[PDB]
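Okay, here we've got a single chain as structure tokens, the form deposited in one PDB entry, with questions on binding and movement later.
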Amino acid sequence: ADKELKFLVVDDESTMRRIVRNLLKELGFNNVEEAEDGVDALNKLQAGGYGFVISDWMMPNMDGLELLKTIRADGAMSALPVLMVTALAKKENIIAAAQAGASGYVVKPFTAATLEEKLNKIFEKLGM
């Protein structure tokens, strides 16, 4: 994918945002911004330019499922890639996110290889 693709990395824990940003950097993606919850995320998204969202689920203010649903329903960003990265591992969590339009889903804790694999699966699905 285009190494200038702009990522938004959303999680309420700075440690996990830092993991994901550093992993993206290794993969060659440096156009990366962070958000602390779904509301913060939507403010950045409204500012424009983003081409990929990686998001946690459990967050205050607006959780990641609500964030995914909002993005998918919004005519300006309905096809935005959204990779869910969450500790939630139950099949019913995975179903809810998948049905809501998740582009992919990674369970925490995850390896560097898993993130790269699941990112590439999305790129290839979307022809990026």
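Heads up: residue numbers just count along the shown sequence, starting at 1.
Here 46-54 and 62-70 are compared by their mean Cα B-factor, and 46-54 comes out higher. Of the candidates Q99, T86, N30, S103, the deposited coordinates give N30 the top C-alpha B factor. Residue-level temperature factors show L126 in the highest third of its chain, judged at the C-alpha atom. When the modelled residues of the chain are ordered by C-alpha B-factor, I94 sits in the middle third. When the modelled residues of the chain are ordered by C-alpha B-factor, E13 sits in the middle third. Among the modelled residues of its chain, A112 has a C-alpha B-factor that falls in the highest third, as given in the PDB entry. The PDB entry assigns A76 a C-alpha temperature factor belonging to the highest third of its chain's modelled residues.
If you look for the form deposited with a partner chain bound, you will not find it shown, but the lines that follow are about it.
At a distance threshold of 4.5 angstroms between non-hydrogen atoms, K121 is in contact with its partner chain in the entry with it bound. Residue contact with its partner chain in the entry with it bound: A79 places no heavy atom within 4.5 Å of it. At the 4.5 Å threshold, heavy atoms of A47 stay clear of its partner chain in the entry with it bound, well away from it. Put simply, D74 is far from its partner chain in the entry with it bound: not one heavy atom of it is within 4.5 Å.
The contact with its partner chain in the entry with it bound, taken as any heavy atom within 4.5 Å, belongs to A98 out of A98, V39, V32, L27.
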